[PDB]
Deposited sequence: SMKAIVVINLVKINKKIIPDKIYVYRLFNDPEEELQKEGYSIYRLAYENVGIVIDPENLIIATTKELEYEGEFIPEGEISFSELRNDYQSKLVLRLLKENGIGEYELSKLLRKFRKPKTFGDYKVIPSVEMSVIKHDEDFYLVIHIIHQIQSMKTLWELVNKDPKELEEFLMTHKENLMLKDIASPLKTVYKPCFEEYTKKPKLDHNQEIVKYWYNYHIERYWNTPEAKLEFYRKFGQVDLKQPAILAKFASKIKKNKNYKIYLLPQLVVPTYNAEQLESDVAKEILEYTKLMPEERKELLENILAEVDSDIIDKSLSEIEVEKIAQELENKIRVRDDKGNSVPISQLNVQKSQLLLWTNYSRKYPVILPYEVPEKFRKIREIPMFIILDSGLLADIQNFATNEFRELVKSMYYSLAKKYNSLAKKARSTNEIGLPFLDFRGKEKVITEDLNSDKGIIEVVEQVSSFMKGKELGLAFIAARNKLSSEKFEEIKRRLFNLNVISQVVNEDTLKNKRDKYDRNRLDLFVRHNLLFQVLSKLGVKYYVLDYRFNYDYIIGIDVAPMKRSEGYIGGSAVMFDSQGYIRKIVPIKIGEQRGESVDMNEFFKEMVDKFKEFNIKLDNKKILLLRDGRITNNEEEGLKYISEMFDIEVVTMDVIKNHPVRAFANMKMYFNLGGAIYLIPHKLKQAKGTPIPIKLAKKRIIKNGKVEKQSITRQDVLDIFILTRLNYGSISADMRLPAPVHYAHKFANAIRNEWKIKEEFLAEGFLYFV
């Protein structure tokens, strides 16, 4: 595949913006200081600022002396340039308002979707570019208290389910400060207090502190009403950026970062590449300044050959090997396709039987239930003589939407599973079910040694085969089978590729305390042949500082693997994580580098960045010294592809770090590692699964080391 030119969401900045004289200093924080002083922050800890104006701050500061722009490291030049763009009126506040002139806030139910732009500066080859990235916030139109019908229980019920993404904006504050509710460490239990004295004080705090006038007070009571002493106070910390604030549900509205996370809404937040291109152009043409280009930049990208997309194949019982990418007399049979695995966990050799549960959501239409039971029966058949092509059925119907039905389901299954090692559940559920109810049904069935596979009403009504409405699309069937097999540790595919590593390891850092545990994170391992072989928990001691002893974390990784039948000693590994490899993580990796003579290759894998290429095709390009890679297209879903950002690569030998450079080879490694999705209806497989597992541990999933020892993705 040749190259191509694609437009990106960057607009070149005029060098005339670069400051004449910069003043340095040493020590409404240090950041606000610099900011108000039209300057930035050179050194975090040392408290070192760099302003472009004479610092006004009668305080503990030492004037180090003027500095020239060329002296600041790139990051600071860019950060400094950013601050300077703001002074010329080019900032998120302003451009977000311009955006909303063409893309207005839309209300859905009790929620409002608010468009705005996220701005940053990127220095690319001696030049600075402003990245303007369109984003959305989903803010509730009703206060949290109103939203939960002023019921204490229903309230605690809210903070719990939405715990992972919930934010609360104090609409009663002139600053509209956003907060994050606090939760009792290692629990879904939100920090609360029904002490009316706390409620009164803080409700009163607002009026006294911001609406001290009669009209203002009128407005306040008109808007918020009296103090509902029946509401508990919610303990919280700022979301921005150890210190806790009290929030009153009656005065806070729940908010969410759309991108960080409902059909309706989703159809509004997803924008086509041309829609983003256009909206940015509309904003630019509304920007009154030649301090930035009038048009979006174009860059040369490397297209990714379609061949590199067929290196993963599956085969049938005959000799038919085909790349995971998709008349005969038998095409009338509902029989699921046949897949001949390349490897099957040795566990299935001893195992006697395997109970098969068909759990039907009673809320689904009878014909939908009937359809699902037939689909699953066919799936189980292919499931079998797939698990042993190289060498019982209980139907449960309950209201999967009520807590009472989920209980009866788990009990009825528990009943049949007593005495058995492994069980399987095929569940048909209405789309109404929350993630929570799905996660609970799944986790509760696993405590009973039952792996499960959910198929929702949607898939059942819009994915039928063109020639047989009483059968699922061949595409979907294959993917259902791949999912189940992956959940069972089956190597059902083969990769025409070899990683130049011993093992590729994805780690996740996430503190959790488990009944006899106290776990700091997770790690998942893939061999050079591209298969998942080990999924381990990473237990640690009660951490000292407010950080995590990564040295202990990584040392336990090796030890825990050595215990799982894998010794990383004198081996070369590619270690990845979700995000930038932090300093502590680097040191931790150097430590484990000498202590076991391990050649560690690592780099930043960033999925949360604003750079966007307004083209829907596989590609990669160098921008600002980092690599941006779009591993796959989009065929059904609306939207703009999100690149995976690759950067700050290093090699670690005997505790020594050698900053490196990313090669087309590295990009190919992430690419293939990313192509491994296991038929899921964005991140490299290793990293993605470490995260799913770190999530399973924090949700109380049982930890079957028998299963994880052979890569069962039973929690995924």
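- For this chain, the deposited residues without C-alpha positions form the stretches 28 to 39, 254 to 258, 279 to 282, 348 to 355, 421 to 442, 733 to 736, given in sequence order.
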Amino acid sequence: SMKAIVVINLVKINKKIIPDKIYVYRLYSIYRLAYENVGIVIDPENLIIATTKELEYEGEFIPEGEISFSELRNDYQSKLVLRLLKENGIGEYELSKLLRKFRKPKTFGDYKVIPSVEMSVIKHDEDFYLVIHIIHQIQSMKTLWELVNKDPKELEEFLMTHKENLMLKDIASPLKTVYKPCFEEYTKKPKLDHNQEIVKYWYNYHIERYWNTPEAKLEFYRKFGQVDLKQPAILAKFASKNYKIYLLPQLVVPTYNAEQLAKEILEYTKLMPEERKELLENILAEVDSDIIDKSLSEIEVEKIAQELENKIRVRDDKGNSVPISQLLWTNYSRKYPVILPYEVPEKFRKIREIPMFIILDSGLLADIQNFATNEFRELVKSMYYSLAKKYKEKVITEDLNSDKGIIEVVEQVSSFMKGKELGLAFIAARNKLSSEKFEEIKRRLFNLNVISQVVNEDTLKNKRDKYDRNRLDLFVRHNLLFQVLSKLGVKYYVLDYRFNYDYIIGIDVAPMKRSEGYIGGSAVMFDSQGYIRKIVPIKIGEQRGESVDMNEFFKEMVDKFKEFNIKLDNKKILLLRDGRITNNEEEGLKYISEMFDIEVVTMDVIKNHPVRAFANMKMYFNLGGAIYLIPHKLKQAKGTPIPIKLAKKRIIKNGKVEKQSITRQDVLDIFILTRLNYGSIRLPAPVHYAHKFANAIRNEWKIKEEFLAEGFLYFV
From here on, numbers count along this sequence of modelled residues.
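- Relative to its counterpart among 272 to 280 and 415 to 423, 415 to 423 has the higher mean temperature factor, C-alpha atoms as listed in the PDB entry.
- Relative to one another, 544 to 552 and 597 to 605 have unequal mean CA B-factors, and 544 to 552 is the one with the higher figure.
- Between the residues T674, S70, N654, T663, the entry's highest C-alpha temperature factor is the one at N654.
- When the C-alpha B-factors of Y205, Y620, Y497, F561 are read from the PDB record, the largest value belongs to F561.
- Among the modelled residues of its chain, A690 has a C-alpha B-factor that falls in the lowest third according to the deposited record.
- Annotation for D127: C-alpha temperature factor in the lowest third relative to the rest of the modelled chain, per the entry.
- Among all modelled residues in this chain, the alpha-carbon of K230 has a temperature factor (C-alpha) in the highest third.
- Among the modelled residues of the chain, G639 sits in the middle third by CA temperature factor in this PDB entry.
- Split the chain's modelled residues into thirds by C-alpha temperature factor. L144 is in the highest one.
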